[PDB]
Amino acid sequence: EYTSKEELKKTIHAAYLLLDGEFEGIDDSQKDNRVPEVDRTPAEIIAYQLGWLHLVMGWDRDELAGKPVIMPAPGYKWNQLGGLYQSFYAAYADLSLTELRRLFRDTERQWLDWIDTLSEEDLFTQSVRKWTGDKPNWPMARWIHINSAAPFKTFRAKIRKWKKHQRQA
(Lines give C-alpha, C1' and ligand atoms only; values in the text may rest on other atoms or scores of the structure.)
Protein backbone atom coordinates (compact mmCIF):
# COMPACT_ATOMS: atom_id res chain seq x y z
CA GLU A 1 0.00 0.00 0.00
CA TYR A 2 0.96 3.65 -0.44
CA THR A 3 0.49 6.57 1.92
CA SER A 4 -0.08 9.14 -0.81
CA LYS A 5 -0.04 9.98 -4.49
CA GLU A 6 3.37 11.52 -3.75
CA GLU A 7 4.86 8.25 -2.47
CA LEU A 8 3.27 6.30 -5.31
CA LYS A 9 4.86 8.53 -7.96
CA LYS A 10 8.22 8.52 -6.15
CA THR A 11 8.33 4.74 -5.90
CA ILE A 12 7.31 4.25 -9.54
CA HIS A 13 9.82 6.70 -10.93
CA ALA A 14 12.71 5.39 -8.83
CA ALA A 15 12.03 1.84 -10.02
CA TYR A 16 11.67 3.01 -13.62
CA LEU A 17 15.05 4.74 -13.54
CA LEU A 18 16.78 1.70 -12.03
CA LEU A 19 15.22 -0.57 -14.66
CA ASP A 20 16.09 1.60 -17.63
CA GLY A 21 19.59 2.20 -16.26
CA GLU A 22 20.33 -1.51 -16.59
CA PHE A 23 20.07 -1.26 -20.37
CA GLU A 24 23.16 0.94 -20.61
CA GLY A 25 25.80 -1.22 -22.27
CA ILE A 26 23.31 -3.55 -23.94
CA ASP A 27 23.79 -3.26 -27.69
CA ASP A 28 20.89 -2.73 -30.13
CA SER A 29 21.97 -5.94 -31.84
CA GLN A 30 21.36 -7.94 -28.66
CA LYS A 31 17.70 -7.08 -28.19
CA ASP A 32 16.33 -10.50 -29.25
CA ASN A 33 19.04 -12.66 -27.72
CA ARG A 34 17.56 -15.27 -25.38
CA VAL A 35 19.39 -17.25 -22.67
CA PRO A 36 17.84 -20.32 -21.00
CA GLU A 37 18.16 -18.79 -17.51
CA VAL A 38 15.78 -15.90 -18.26
CA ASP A 39 12.36 -16.23 -19.84
CA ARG A 40 12.43 -12.86 -21.67
CA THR A 41 14.70 -11.10 -24.16
CA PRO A 42 15.70 -7.46 -23.54
CA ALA A 43 13.19 -6.40 -26.21
CA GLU A 44 10.39 -8.37 -24.57
CA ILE A 45 11.24 -6.93 -21.17
CA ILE A 46 10.47 -3.41 -22.40
CA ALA A 47 7.59 -4.37 -24.72
CA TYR A 48 5.85 -6.02 -21.76
CA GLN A 49 5.89 -2.70 -19.86
CA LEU A 50 4.70 -0.74 -22.89
CA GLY A 51 1.81 -3.13 -23.34
CA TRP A 52 0.52 -2.98 -19.77
CA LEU A 53 1.12 0.74 -19.20
CA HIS A 54 -0.85 1.62 -22.32
CA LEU A 55 -3.57 -0.92 -21.53
CA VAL A 56 -4.22 0.39 -18.02
CA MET A 57 -4.12 4.07 -19.03
CA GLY A 58 -6.47 3.08 -21.82
CA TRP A 59 -9.00 1.59 -19.42
CA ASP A 60 -9.19 4.80 -17.41
CA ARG A 61 -9.13 7.18 -20.39
CA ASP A 62 -11.79 5.15 -22.18
CA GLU A 63 -14.04 4.89 -19.13
CA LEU A 64 -13.97 8.63 -18.46
CA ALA A 65 -14.49 9.42 -22.16
CA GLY A 66 -17.52 7.15 -22.52
CA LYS A 67 -15.88 4.28 -24.37
CA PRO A 68 -16.95 1.04 -22.64
CA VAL A 69 -13.99 -0.90 -21.33
CA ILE A 70 -13.33 -4.56 -22.10
CA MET A 71 -10.74 -6.02 -19.77
CA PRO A 72 -8.02 -6.85 -20.11
CA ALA A 73 -8.30 -6.19 -23.87
CA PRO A 74 -11.02 -6.53 -26.57
CA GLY A 75 -9.77 -9.85 -27.99
CA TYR A 76 -8.06 -11.34 -24.92
CA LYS A 77 -9.79 -12.62 -21.79
CA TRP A 78 -8.01 -12.76 -18.42
CA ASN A 79 -7.42 -16.47 -19.14
CA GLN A 80 -5.52 -15.57 -22.31
CA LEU A 81 -2.60 -13.60 -20.82
CA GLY A 82 -0.08 -15.69 -22.75
CA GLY A 83 -1.57 -14.53 -26.03
CA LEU A 84 -1.91 -10.96 -24.76
CA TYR A 85 1.81 -10.83 -23.94
CA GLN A 86 2.71 -12.16 -27.37
CA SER A 87 0.61 -9.38 -28.88
CA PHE A 88 2.70 -6.90 -26.86
CA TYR A 89 5.95 -8.37 -28.19
CA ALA A 90 4.61 -8.39 -31.75
CA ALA A 91 3.47 -4.77 -31.55
CA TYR A 92 6.95 -3.44 -30.74
CA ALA A 93 9.16 -6.07 -32.41
CA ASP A 94 10.30 -3.67 -35.14
CA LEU A 95 11.80 -1.04 -32.82
CA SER A 96 15.50 -0.92 -32.04
CA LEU A 97 16.46 -1.26 -28.40
CA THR A 98 17.30 2.45 -28.40
CA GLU A 99 13.87 3.28 -29.85
CA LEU A 100 12.19 0.99 -27.31
CA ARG A 101 13.92 2.80 -24.46
CA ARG A 102 12.79 6.17 -25.80
CA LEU A 103 9.17 4.99 -26.14
CA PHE A 104 9.32 3.50 -22.62
CA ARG A 105 10.67 6.79 -21.24
CA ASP A 106 7.86 8.79 -22.85
CA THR A 107 5.27 6.23 -21.76
CA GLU A 108 6.43 6.24 -18.13
CA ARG A 109 6.16 10.05 -18.22
CA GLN A 110 2.60 9.70 -19.56
CA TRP A 111 1.90 7.31 -16.69
CA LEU A 112 3.09 9.78 -14.02
CA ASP A 113 1.22 12.60 -15.79
CA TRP A 114 -1.98 10.56 -15.68
CA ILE A 115 -1.46 9.78 -11.99
CA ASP A 116 -0.99 13.50 -11.32
CA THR A 117 -4.57 14.08 -12.53
CA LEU A 118 -5.99 11.64 -9.96
CA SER A 119 -7.22 12.75 -6.57
CA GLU A 120 -6.22 10.85 -3.43
CA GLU A 121 -9.84 9.67 -3.19
CA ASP A 122 -9.70 8.41 -6.80
CA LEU A 123 -6.53 6.53 -6.05
CA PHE A 124 -7.24 5.01 -2.69
CA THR A 125 -10.98 4.33 -2.35
CA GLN A 126 -12.71 1.51 -4.20
CA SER A 127 -15.63 1.78 -6.66
CA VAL A 128 -14.82 5.27 -7.92
CA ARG A 129 -14.21 3.74 -11.35
CA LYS A 130 -16.10 0.81 -12.83
CA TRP A 131 -12.99 -0.84 -14.26
CA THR A 132 -11.28 -1.38 -10.88
CA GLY A 133 -14.15 -3.59 -9.71
CA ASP A 134 -15.62 -3.58 -6.21
CA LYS A 135 -13.24 -5.85 -4.31
CA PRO A 136 -11.61 -4.56 -1.13
CA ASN A 137 -7.91 -3.74 -1.52
CA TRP A 138 -8.25 -3.21 -5.28
CA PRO A 139 -8.66 0.56 -5.76
CA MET A 140 -6.85 2.35 -8.61
CA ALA A 141 -3.58 2.50 -6.66
CA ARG A 142 -3.31 -1.29 -6.48
CA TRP A 143 -3.92 -1.75 -10.20
CA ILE A 144 -1.36 0.99 -10.82
CA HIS A 145 1.20 -0.63 -8.48
CA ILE A 146 0.98 -4.10 -10.01
CA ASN A 147 1.51 -2.63 -13.48
CA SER A 148 4.38 -0.26 -12.81
CA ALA A 149 6.28 -0.15 -9.48
CA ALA A 150 6.10 -3.92 -9.01
CA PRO A 151 7.05 -5.15 -12.51
CA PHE A 152 9.70 -2.43 -12.88
CA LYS A 153 11.45 -4.11 -9.92
CA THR A 154 10.83 -7.67 -11.10
CA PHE A 155 11.96 -7.03 -14.64
CA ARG A 156 15.02 -5.17 -13.39
CA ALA A 157 16.05 -8.45 -11.77
CA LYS A 158 15.38 -10.20 -15.09
CA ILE A 159 17.57 -7.93 -17.19
CA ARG A 160 20.35 -8.08 -14.57
CA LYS A 161 20.24 -11.88 -14.75
CA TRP A 162 20.24 -11.73 -18.57
CA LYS A 163 23.34 -9.52 -18.42
CA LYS A 164 25.09 -11.83 -15.96
CA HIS A 165 24.70 -14.81 -18.27
CA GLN A 166 26.25 -12.93 -21.17
CA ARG A 167 29.49 -13.30 -19.21
CA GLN A 168 29.31 -16.19 -16.75
CA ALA A 169 27.45 -19.13 -15.26
# chains A, B, ... in the order shown; residues from 1 in each chain; ligands from 1

call {"tool": "closest_atom_pairs", "arguments": {"of": "region 7-124 of chain A", "to": "region 154-166 of chain A", "cutoff": "7 Å", "atoms": "only C-alpha atoms", "output": "JSON lines"}}
result
{"residue": "A:19", "atom": "CA", "partner": "A:156", "partner_atom": "CA", "distance": 4.8}
{"residue": "A:22", "atom": "CA", "partner": "A:160", "partner_atom": "CA", "distance": 6.9}
{"residue": "A:35", "atom": "CA", "partner": "A:162", "partner_atom": "CA", "distance": 6.9}
{"residue": "A:38", "atom": "CA", "partner": "A:162", "partner_atom": "CA", "distance": 6.1}
{"residue": "A:42", "atom": "CA", "partner": "A:159", "partner_atom": "CA", "distance": 6.6}
{"residue": "A:45", "atom": "CA", "partner": "A:155", "partner_atom": "CA", "distance": 6.6}

call {"tool": "write_last_selection", "arguments": {"atoms": "N, CA and C atoms", "output": "PDB file, in the first residue's frame"}}
result
ATOM      1  N   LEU A  19      15.427   0.391 -13.581  1.00  0.00           N
ATOM      2  CA  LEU A  19      15.215  -0.573 -14.657  1.00  0.00           C
ATOM      3  C   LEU A  19      15.861  -0.090 -15.960  1.00  0.00           C
ATOM      4  N   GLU A  22      19.680  -0.231 -16.334  1.00  0.00           N
ATOM      5  CA  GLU A  22      20.330  -1.515 -16.586  1.00  0.00           C
ATOM      6  C   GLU A  22      20.609  -1.748 -18.067  1.00  0.00           C
ATOM      7  N   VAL A  35      18.595 -16.266 -23.401  1.00  0.00           N
ATOM      8  CA  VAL A  35      19.392 -17.253 -22.673  1.00  0.00           C
ATOM      9  C   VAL A  35      18.428 -18.137 -21.890  1.00  0.00           C
ATOM     10  N   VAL A  38      16.702 -17.030 -18.365  1.00  0.00           N
ATOM     11  CA  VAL A  38      15.782 -15.897 -18.258  1.00  0.00           C
ATOM     12  C   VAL A  38      14.698 -16.048 -19.312  1.00  0.00           C
ATOM     13  N   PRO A  42      15.744  -8.887 -23.887  1.00  0.00           N
ATOM     14  CA  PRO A  42      15.703  -7.463 -23.535  1.00  0.00           C
ATOM     15  C   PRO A  42      14.557  -6.718 -24.229  1.00  0.00           C
ATOM     16  N   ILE A  45      11.305  -7.532 -22.493  1.00  0.00           N
ATOM     17  CA  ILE A  45      11.244  -6.932 -21.170  1.00  0.00           C
ATOM     18  C   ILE A  45      10.648  -5.522 -21.244  1.00  0.00           C
TER      19      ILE A  45
END

call {"tool": "residues_around", "arguments": {"residues": "residue 137 (chain A)", "least_positions_apart": "6", "cutoff": "9 Å", "atoms": "only C-alpha atoms", "output": "ChimeraX atom specification"}}
result
/A:1,124-126

call {"tool": "write_last_selection", "arguments": {"atoms": "N, CA, C and O atoms", "output": "PDB file, in the first residue's frame"}}
result
ATOM      1  N   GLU A   1       0.822  -1.206   0.000  1.00  0.00           N
ATOM      2  CA  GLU A   1       0.000   0.000   0.000  1.00  0.00           C
ATOM      3  C   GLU A   1       0.859   1.259   0.000  1.00  0.00           C
ATOM      4  O   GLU A   1       2.036   1.223   0.367  1.00  0.00           O
ATOM      5  N   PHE A 124      -7.316   5.872  -3.854  1.00  0.00           N
ATOM      6  CA  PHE A 124      -7.240   5.006  -2.688  1.00  0.00           C
ATOM      7  C   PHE A 124      -8.584   4.527  -2.129  1.00  0.00           C
ATOM      8  O   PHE A 124      -8.611   3.782  -1.150  1.00  0.00           O
ATOM      9  N   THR A 125      -9.693   4.917  -2.750  1.00  0.00           N
ATOM     10  CA  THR A 125     -10.984   4.333  -2.354  1.00  0.00           C
ATOM     11  C   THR A 125     -11.563   3.518  -3.497  1.00  0.00           C
ATOM     12  O   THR A 125     -11.433   3.889  -4.658  1.00  0.00           O
ATOM     13  N   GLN A 126     -12.207   2.402  -3.172  1.00  0.00           N
ATOM     14  CA  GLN A 126     -12.713   1.508  -4.205  1.00  0.00           C
ATOM     15  C   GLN A 126     -14.063   1.990  -4.742  1.00  0.00           C
ATOM     16  O   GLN A 126     -14.777   2.750  -4.062  1.00  0.00           O
TER      17      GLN A 126
END

call {"tool": "residues_around", "arguments": {"residues": "residue 145 (chain A)", "least_positions_apart": "3", "cutoff": "12 Å", "atoms": "only C-alpha atoms", "output": "PDB file with N, CA and C atoms, in the first residue's frame"}}
result
ATOM      1  N   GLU A   1       0.822  -1.206   0.000  1.00  0.00           N
ATOM      2  CA  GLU A   1       0.000   0.000   0.000  1.00  0.00           C
ATOM      3  C   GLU A   1       0.859   1.259   0.000  1.00  0.00           C
ATOM      4  N   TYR A   2       0.263   2.372  -0.415  1.00  0.00           N
ATOM      5  CA  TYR A   2       0.962   3.650  -0.440  1.00  0.00           C
ATOM      6  C   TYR A   2       0.258   4.668   0.440  1.00  0.00           C
ATOM      7  N   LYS A   5      -0.390   9.860  -3.084  1.00  0.00           N
ATOM      8  CA  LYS A   5      -0.037   9.981  -4.486  1.00  0.00           C
ATOM      9  C   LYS A   5       1.449  10.312  -4.621  1.00  0.00           C
ATOM     10  N   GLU A   7       4.044   9.436  -2.673  1.00  0.00           N
ATOM     11  CA  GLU A   7       4.865   8.254  -2.466  1.00  0.00           C
ATOM     12  C   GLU A   7       4.729   7.284  -3.632  1.00  0.00           C
ATOM     13  N   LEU A   8       3.516   7.173  -4.170  1.00  0.00           N
ATOM     14  CA  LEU A   8       3.266   6.302  -5.309  1.00  0.00           C
ATOM     15  C   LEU A   8       4.113   6.744  -6.504  1.00  0.00           C
ATOM     16  N   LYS A   9       4.050   8.024  -6.855  1.00  0.00           N
ATOM     17  CA  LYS A   9       4.857   8.533  -7.961  1.00  0.00           C
ATOM     18  C   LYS A   9       6.352   8.351  -7.705  1.00  0.00           C
ATOM     19  N   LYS A  10       6.801   8.611  -6.479  1.00  0.00           N
ATOM     20  CA  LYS A  10       8.224   8.519  -6.147  1.00  0.00           C
ATOM     21  C   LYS A  10       8.736   7.103  -6.347  1.00  0.00           C
ATOM     22  N   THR A  11       7.963   6.144  -5.851  1.00  0.00           N
ATOM     23  CA  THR A  11       8.332   4.745  -5.903  1.00  0.00           C
ATOM     24  C   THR A  11       8.368   4.258  -7.347  1.00  0.00           C
ATOM     25  N   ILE A  12       7.359   4.635  -8.128  1.00  0.00           N
ATOM     26  CA  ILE A  12       7.305   4.253  -9.535  1.00  0.00           C
ATOM     27  C   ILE A  12       8.503   4.808 -10.291  1.00  0.00           C
ATOM     28  N   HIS A  13       8.776   6.094 -10.129  1.00  0.00           N
ATOM     29  CA  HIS A  13       9.822   6.702 -10.931  1.00  0.00           C
ATOM     30  C   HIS A  13      11.197   6.172 -10.544  1.00  0.00           C
ATOM     31  N   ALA A  15      11.916   3.185  -9.478  1.00  0.00           N
ATOM     32  CA  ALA A  15      12.035   1.844 -10.020  1.00  0.00           C
ATOM     33  C   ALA A  15      12.206   1.897 -11.534  1.00  0.00           C
ATOM     34  N   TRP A  52       1.373  -3.164 -20.940  1.00  0.00           N
ATOM     35  CA  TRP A  52       0.523  -2.984 -19.765  1.00  0.00           C
ATOM     36  C   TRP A  52       0.287  -1.513 -19.429  1.00  0.00           C
ATOM     37  N   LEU A  53       1.307  -0.664 -19.541  1.00  0.00           N
ATOM     38  CA  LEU A  53       1.122   0.742 -19.203  1.00  0.00           C
ATOM     39  C   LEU A  53       0.059   1.355 -20.105  1.00  0.00           C
ATOM     40  N   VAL A  56      -3.579  -0.111 -19.230  1.00  0.00           N
ATOM     41  CA  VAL A  56      -4.216   0.389 -18.016  1.00  0.00           C
ATOM     42  C   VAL A  56      -4.619   1.859 -18.187  1.00  0.00           C
ATOM     43  N   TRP A 111       2.436   7.994 -17.859  1.00  0.00           N
ATOM     44  CA  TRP A 111       1.904   7.311 -16.685  1.00  0.00           C
ATOM     45  C   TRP A 111       1.895   8.228 -15.457  1.00  0.00           C
ATOM     46  N   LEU A 112       3.017   8.874 -15.168  1.00  0.00           N
ATOM     47  CA  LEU A 112       3.095   9.780 -14.024  1.00  0.00           C
ATOM     48  C   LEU A 112       2.199  10.994 -14.231  1.00  0.00           C
ATOM     49  N   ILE A 115      -1.304   9.911 -13.433  1.00  0.00           N
ATOM     50  CA  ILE A 115      -1.459   9.781 -11.989  1.00  0.00           C
ATOM     51  C   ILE A 115      -1.599  11.163 -11.353  1.00  0.00           C
ATOM     52  N   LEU A 123      -7.588   7.520  -6.123  1.00  0.00           N
ATOM     53  CA  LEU A 123      -6.525   6.532  -6.046  1.00  0.00           C
ATOM     54  C   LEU A 123      -6.781   5.466  -5.002  1.00  0.00           C
ATOM     55  N   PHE A 124      -7.316   5.872  -3.854  1.00  0.00           N
ATOM     56  CA  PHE A 124      -7.240   5.006  -2.688  1.00  0.00           C
ATOM     57  C   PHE A 124      -8.584   4.527  -2.129  1.00  0.00           C
ATOM     58  N   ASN A 137      -9.342  -3.717  -1.256  1.00  0.00           N
ATOM     59  CA  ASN A 137      -7.909  -3.737  -1.523  1.00  0.00           C
ATOM     60  C   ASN A 137      -7.577  -3.688  -3.008  1.00  0.00           C
ATOM     61  N   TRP A 138      -8.569  -3.436  -3.861  1.00  0.00           N
ATOM     62  CA  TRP A 138      -8.255  -3.206  -5.277  1.00  0.00           C
ATOM     63  C   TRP A 138      -8.708  -1.844  -5.849  1.00  0.00           C
ATOM     64  N   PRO A 139      -8.411  -0.742  -5.136  1.00  0.00           N
ATOM     65  CA  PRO A 139      -8.657   0.558  -5.756  1.00  0.00           C
ATOM     66  C   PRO A 139      -7.637   0.829  -6.857  1.00  0.00           C
ATOM     67  N   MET A 140      -7.766   1.971  -7.527  1.00  0.00           N
ATOM     68  CA  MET A 140      -6.854   2.348  -8.607  1.00  0.00           C
ATOM     69  C   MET A 140      -5.389   2.149  -8.236  1.00  0.00           C
ATOM     70  N   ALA A 141      -4.994   2.558  -7.034  1.00  0.00           N
ATOM     71  CA  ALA A 141      -3.583   2.504  -6.657  1.00  0.00           C
ATOM     72  C   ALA A 141      -3.010   1.098  -6.737  1.00  0.00           C
ATOM     73  N   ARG A 142      -3.811   0.083  -6.424  1.00  0.00           N
ATOM     74  CA  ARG A 142      -3.309  -1.288  -6.475  1.00  0.00           C
ATOM     75  C   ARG A 142      -3.084  -1.725  -7.921  1.00  0.00           C
ATOM     76  N   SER A 148       3.248  -1.163 -12.642  1.00  0.00           N
ATOM     77  CA  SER A 148       4.378  -0.256 -12.814  1.00  0.00           C
ATOM     78  C   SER A 148       5.444  -0.526 -11.747  1.00  0.00           C
ATOM     79  N   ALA A 149       5.280   0.019 -10.539  1.00  0.00           N
ATOM     80  CA  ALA A 149       6.278  -0.152  -9.478  1.00  0.00           C
ATOM     81  C   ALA A 149       6.700  -1.607  -9.300  1.00  0.00           C
ATOM     82  N   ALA A 150       5.739  -2.522  -9.234  1.00  0.00           N
ATOM     83  CA  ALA A 150       6.101  -3.915  -9.009  1.00  0.00           C
ATOM     84  C   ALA A 150       6.847  -4.562 -10.200  1.00  0.00           C
ATOM     85  N   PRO A 151       6.273  -4.552 -11.419  1.00  0.00           N
ATOM     86  CA  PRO A 151       7.048  -5.151 -12.513  1.00  0.00           C
ATOM     87  C   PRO A 151       8.348  -4.409 -12.843  1.00  0.00           C
ATOM     88  N   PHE A 152       8.439  -3.107 -12.593  1.00  0.00           N
ATOM     89  CA  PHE A 152       9.705  -2.434 -12.876  1.00  0.00           C
ATOM     90  C   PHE A 152      10.809  -3.046 -12.007  1.00  0.00           C
ATOM     91  N   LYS A 153      10.476  -3.433 -10.778  1.00  0.00           N
ATOM     92  CA  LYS A 153      11.452  -4.106  -9.923  1.00  0.00           C
ATOM     93  C   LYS A 153      11.722  -5.544 -10.387  1.00  0.00           C
TER      94      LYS A 153
END

call {"tool": "atom_distance", "arguments": {"atom1": "CA of residue 167 (chain A)", "atom2": "CA of residue 26 (chain A)"}}
result
12.5 Å

call {"tool": "residues_around", "arguments": {"residues": "residue 69 (chain A)", "least_positions_apart": "2", "cutoff": "12 Å", "atoms": "only C-alpha atoms", "output": "NGL selection string"}}
result
:A and (55-67 or 71-75 or 129-133)

call {"tool": "closest_residue", "arguments": {"among": "A:78, A:91, A:21, A:84", "to": "residue 43 (chain A)", "atoms": "only C-alpha atoms"}}
result
A:91

call {"tool": "closest_residue", "arguments": {"among": "A:3, A:33, A:108, A:40", "to": "residue 17 (chain A)", "atoms": "only C-alpha atoms"}}
result
A:108

call {"tool": "select_by_dssp", "arguments": {"residues": "chain A", "states": "helix (DSSP H, G or I)", "output": "ChimeraX atom specification"}}
result
/A:5-21,28-30,42-65,78-92,97-116,120-124,140-145,149-164

call {"tool": "atom_distance", "arguments": {"atom1": "CA of residue 20 (chain A)", "atom2": "CA of residue 122 (chain A)"}}
result
28.8 Å

call {"tool": "residues_around", "arguments": {"residues": "residue 97 (chain A)", "least_positions_apart": "6", "cutoff": "9 Å", "atoms": "only C-alpha atoms", "output": "PDB file with N, CA and C atoms, in the first residue's frame"}}
result
ATOM      1  N   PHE A  23      19.919  -1.020 -18.933  1.00  0.00           N
ATOM      2  CA  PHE A  23      20.068  -1.258 -20.367  1.00  0.00           C
ATOM      3  C   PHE A  23      21.286  -0.552 -20.965  1.00  0.00           C
ATOM      4  N   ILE A  26      23.925  -2.518 -23.120  1.00  0.00           N
ATOM      5  CA  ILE A  26      23.313  -3.553 -23.944  1.00  0.00           C
ATOM      6  C   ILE A  26      23.179  -3.005 -25.354  1.00  0.00           C
ATOM      7  N   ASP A  27      23.749  -3.726 -26.315  1.00  0.00           N
ATOM      8  CA  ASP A  27      23.790  -3.261 -27.692  1.00  0.00           C
ATOM      9  C   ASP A  27      22.445  -3.447 -28.378  1.00  0.00           C
ATOM     10  N   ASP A  28      22.092  -2.548 -29.297  1.00  0.00           N
ATOM     11  CA  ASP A  28      20.891  -2.726 -30.127  1.00  0.00           C
ATOM     12  C   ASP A  28      20.815  -4.134 -30.724  1.00  0.00           C
ATOM     13  N   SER A  29      21.954  -4.656 -31.159  1.00  0.00           N
ATOM     14  CA  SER A  29      21.971  -5.942 -31.843  1.00  0.00           C
ATOM     15  C   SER A  29      21.624  -7.103 -30.936  1.00  0.00           C
ATOM     16  N   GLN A  30      21.605  -6.869 -29.621  1.00  0.00           N
ATOM     17  CA  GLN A  30      21.360  -7.944 -28.655  1.00  0.00           C
ATOM     18  C   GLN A  30      19.907  -8.054 -28.217  1.00  0.00           C
ATOM     19  N   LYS A  31      19.028  -7.239 -28.795  1.00  0.00           N
ATOM     20  CA  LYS A  31      17.700  -7.083 -28.193  1.00  0.00           C
ATOM     21  C   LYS A  31      16.869  -8.366 -28.194  1.00  0.00           C
ATOM     22  N   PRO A  42      15.744  -8.887 -23.887  1.00  0.00           N
ATOM     23  CA  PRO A  42      15.703  -7.463 -23.535  1.00  0.00           C
ATOM     24  C   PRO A  42      14.557  -6.718 -24.229  1.00  0.00           C
ATOM     25  N   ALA A  43      14.293  -7.032 -25.493  1.00  0.00           N
ATOM     26  CA  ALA A  43      13.195  -6.400 -26.209  1.00  0.00           C
ATOM     27  C   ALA A  43      11.857  -6.708 -25.556  1.00  0.00           C
ATOM     28  N   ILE A  46      11.021  -4.753 -22.257  1.00  0.00           N
ATOM     29  CA  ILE A  46      10.472  -3.413 -22.403  1.00  0.00           C
ATOM     30  C   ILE A  46       9.078  -3.449 -23.035  1.00  0.00           C
TER      31      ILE A  46
END

call {"tool": "closest_residue", "arguments": {"among": "A:116, A:135, A:146, A:168", "to": "residue 6 (chain A)", "atoms": "only C-alpha atoms"}}
result
A:116

call {"tool": "residues_around", "arguments": {"residues": "residue 87 (chain A)", "least_positions_apart": "3", "cutoff": "10 Å", "atoms": "only C-alpha atoms", "output": "VMD selection string"}}
result
chain A and resid 47 to 48 51 76 81 to 84 90 to 93

call {"tool": "closest_residue", "arguments": {"among": "A:4, A:80, A:41, A:49", "to": "residue 101 (chain A)", "atoms": "only C-alpha atoms"}}
result
A:49
